[PDB]
């Protein structure tokens, strides 16, 4: 419950590796505070929000339909696919795949969606085309979690991710309906309980997306605020440590407690 930047630096002291952090005012885009804002970190599963941003952009362009049903085989399944592995017969709609990728971190869902847009290179092009010249996706799930330092593959920076997330959620890039659908999926996140959500007071809004590598790395991106409306964006990444998952979770939770206390 220290001052937030103090807590972030403390988390890095305890974990080893690097911790990156930024808080943006949602309305203005103003940077409120940051630590290692321009350094690269692996996105891990946080990329799944950007992926669904690209899918929605295609919907807005009349090139995709959220209701379109996709079928796949057992051979398409990769690890960490809790939703898709249950629909080998009936398949899933594009919208259902985005819900699964975002709310359950479903990897096969993400890969199927990557296929719809033309792969990691096209996600990167989508990002470049909306003004993010930093964030890059190079690999599919699960290889994108490899997190080699000093590998620039599959990385973002706290400020690039925060800025891009803000544009996807509030900008004129997506239609109002699509911006709302994206934040709705994030609001319905099911797997980030131990992170920022654990520090969230009653009545607050949060829409988020977490990510993990087996070893060394963790992250979360979020739009949150009091009184049922988001008012800030928070991005936290960690990488390059030997910290346990429990330790990584705890530090993010404590960073969350600090940023709430000192809101």
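Numbering follows the first chain given and starts at 1.
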{"item": "Mean temperature factor over C-alpha atoms, higher-scoring stretch between 174-182 and 70-78", "value": "70-78"}
{"item": "Stretch exceeding the other in mean C-alpha B-factor - 81-89, 100-108", "value": "81-89"}
{"item": "187, 132, 138, 143, ranked by C-alpha B-factor: the highest one", "value": "143"}
{"item": "Top residue by Cα temperature factor, when 208, 39, 33, 64 are compared in the entry", "value": "33"}
{"item": "Third of the chain's Cα B-factor distribution that residue 95 belongs to, per the entry", "value": "lowest"}
{"item": "Chain-relative CA temperature factor third for residue 225", "value": "middle"}
{"item": "Ranked against its chain, the third holding the CA B-factor of residue 215", "value": "highest"}
{"item": "Ranked against its chain, the third holding the CA B-factor of residue 231", "value": "middle"}
{"item": "Ranked C-alpha temperature factor of residue 18 among modelled chain residues, by third", "value": "lowest"}
